[PDB]
Amino acid sequence: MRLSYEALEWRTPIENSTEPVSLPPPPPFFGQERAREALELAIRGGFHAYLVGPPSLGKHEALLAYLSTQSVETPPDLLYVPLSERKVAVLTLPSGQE
Amino acid sequence: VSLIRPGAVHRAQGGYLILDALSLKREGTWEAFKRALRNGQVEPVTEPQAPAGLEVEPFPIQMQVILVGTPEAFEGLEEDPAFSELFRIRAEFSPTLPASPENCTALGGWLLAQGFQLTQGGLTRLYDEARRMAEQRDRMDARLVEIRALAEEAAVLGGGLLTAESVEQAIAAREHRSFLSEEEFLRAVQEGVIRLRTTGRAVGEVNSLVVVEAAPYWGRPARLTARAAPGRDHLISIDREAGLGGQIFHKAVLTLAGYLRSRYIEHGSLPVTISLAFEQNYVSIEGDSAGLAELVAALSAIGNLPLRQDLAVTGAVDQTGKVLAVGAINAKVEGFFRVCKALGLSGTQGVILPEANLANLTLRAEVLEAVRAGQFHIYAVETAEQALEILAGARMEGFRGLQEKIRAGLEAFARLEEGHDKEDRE
Amino acid sequence: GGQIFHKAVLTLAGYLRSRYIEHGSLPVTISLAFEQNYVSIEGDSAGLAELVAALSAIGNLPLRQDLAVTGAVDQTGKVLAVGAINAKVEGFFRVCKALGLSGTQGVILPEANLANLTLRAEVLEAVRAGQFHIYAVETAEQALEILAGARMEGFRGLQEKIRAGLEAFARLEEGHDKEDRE
Amino acid sequence: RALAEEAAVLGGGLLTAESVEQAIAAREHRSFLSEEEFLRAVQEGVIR
Amino acid sequence: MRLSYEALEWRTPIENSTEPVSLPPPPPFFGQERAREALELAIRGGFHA
Amino acid sequence: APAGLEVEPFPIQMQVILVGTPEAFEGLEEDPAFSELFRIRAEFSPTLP
């Protein structure tokens, strides 16, 4: 059957192009709800996780933007302490104690 | 103790370690890293030629490891049952996002956060171009890096402001920079070196649309031919049997043979052997998906039907005759429209593509404006019968219809083979 | 690859089988061989020379040796373009001149290559003097009728002569089959 | 144990039936991408 | 058909061969407007091309 | 040399313009990173009008 223009016209109708537009930035992983929910599960539970997706998806950018917004309990300070010149143990301390 | 240089693990305590599985298999460190995760502990690398070293107690690991990579890069790690044992959570980034005005506003906000200045028209045009790059009308491409690069190019051409016209200029420049192969093709077609009939009728010759894989994405027409000979039911696809291809029963060849045999049973022995070939090369063939062009060309050759050369034919066909979707339909249609334009539009050229690809059709604005002008008619079909009826112009009904002429041709081939078999018994 | 199909062989077989359906079970096997080697074969395109030689062998057609032939052909019979038409035409003209031109030496090249003919000054001068001839063809029928010197249809029509040769092969095979009854 | 962990995180401290259902649904939903694409293609008519 | 010499004659008709020509140098990438425009885009925007 | 200076990496603020035959870039074009870094393609048409 012979397709008409209207069934073929897919360009969104341009209304105005003479003024700049200001919009709030969208939340990280916008329209990517699967990744958001999986990351929330992997973060609250502290599970290891892995992101998959086609290249050039900005996985690194969006992931780092989302992770920085997360708040985590203050990590303890971990540091190598030498009990001798051959034995070096690992010492854990409250935050800011090292 | 003071020469211990912290690595990745020594900085993510209570935090998140973001890794690249591609690197993990490229540097072969995945085995050691997986062992460390198994142990929940790790030691710094010790040089095996320094006996006076440090027996450092393994550094404890308390952190979320979040691997990052492509779906292809993770099969190299999914063999290990420990891999699914460690990383229970898989977050799959959808390659496409729902193309809704909310997502358009989100895209605009994201671009503004990137530092671009764009007018509303520019945002609309970028959103349309993203939808086209995803090659579906209602799913915009999620590859925000590519959208960011396209916006960069449009800003440079627009002076800094992503006005709509700047975005069309950037898209045109993107096409134009990698347009050299198509420039050579069109110049050859005009010069007559590569003669493609874009006017009139021809028997057995069809103008298929192929994507060159001797080059990046560029749809261009290729004149596909099919000739019928009286003999066995064997169907030879020359481009799929140019070598080490006749010992493999290609799914496309068997699909065409099945449709042809089961569609016509009064001579169900299929007294006709069909030779399918492409004029010249630069033609790349799937070899696993029979093309609607091949089927219609074979049917025209069998029934001696003059198919229109005006209308290009694309689509993957199933043995029931149900025309399936084909990847990169936009490139094929744009290529044929370009070739028609170079030879000059007669107002009758067009493209026959499956109805399934209707949701994949996002054509360049030139093609759309040609369509609205009644100069380039896009025909969508459901089954091969409709496409054949459109090419021949006539229907499957009435006296001297397409079905009747195909039956007559098969009968002529059958009687010729019967006379030949009479010669083999006398 | 003596057990591997070739695009050139399949192309020529398709053309020949399609063009003569009154003997669809093509009764004749044709051997294509290049006298002398130093012949570097494309192996991906069947030269018009191969097709016209096969046709003359089928129909017992005396082809003119004055004219060379070049060009690839599809399985429909449409004479396509080939690379470096200049070198081939110059080579044939040199070979003709070394043996002495007679004003009938010539080349059969596809009209597709017309946008590539950049022949040397000597060849152009020979053409202007009517000593060397360039014939441009589009379909194998035109080249065959040019070489054979007669038209396809009518008295001693080349199509009719090829049909007669194929019918002779068919009747010979029938006579051989007469011995297959025993 | 892994599924119970996932349920506990969604419940916070308890493996209630709702938490187990949510954890199983999330297990299906995280690797649901290929089937999501398949169903979207079917609805859009790309695959009929 | 036998092509005529006129149809096959492609050498530009040589008018003068006795006087030197004085022409200004052509713009860089002459007849390569694709490459020229691509480099213009790569330079104004400072991308890697 | 175990006396290596802890040299700070030198920042890069330049446009890299690769040059080579279409054959040479076929190997590099395979990489998903190459298309991400070098995205302006300047092709030299082997013929001019």
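By written order: A, B, C, D, E and F. Residues from 1 in each chain.
Criterion: a contact is a pair of C-beta atoms (placed from the backbone, for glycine too) under 8 Å apart; a residue touches a chain by one contact, two chains touch by 3 or more.
Each step here moves to a touching chain, and the least such steps from subunit B to subunit C number 1.
Between A-B and B-F, more C-beta contact pairs are found at A-B.
For the pair subunit A and subunit D, the distance between mean C-alpha positions equals 20 Å.
Centroid to centroid, with C-alpha atoms defining each point, subunit A and subunit E lie 52 Å apart.
Distance between chain centres (mean CA atoms), subunit C to subunit F: 50 Å.
Mean C-alpha positions place subunit B and subunit E at a centre distance of 37 Å. Shared contact sites, meaning residues of subunit D that touch two or more other chains, fall at 6, 30, 33, 36.
Chains touching one another form the pairs A-B, A-D, A-F, B-C, B-D, B-E, B-F, C-E, E-F.
Only residues 1, 4-7, 10-11, 13-15, 17-18, 21-26, 44, 74-76, 78, 80-81, 111-116, 170, 173-174, 177-178 of subunit C touch subunit B when the two sit together in their complex.
Per the touch definition, subunit B reaches subunit A in the complex via residues 1, 4, 10, 13-16, 18, 21, 37, 54-60, 64-71, 74, 86-95, 97-98, 103-110, 112-113, 117-125, 127-128, 131-132, 137, 142-146, 148, 161, 163-165, 355, 358, 361-363, 365, 368, 371-372, 377-381, 386.
Across the interface of their complex, subunit E is touched by residues 152-153, 155-157, 173, 176-177, 179-180, 183 of subunit B.
Per the touch definition, subunit F reaches subunit E in the complex via residues 15-18, 37-45, 48-49. Residue ranges on subunit A touching subunit F, taken from their complex, read 55-56.
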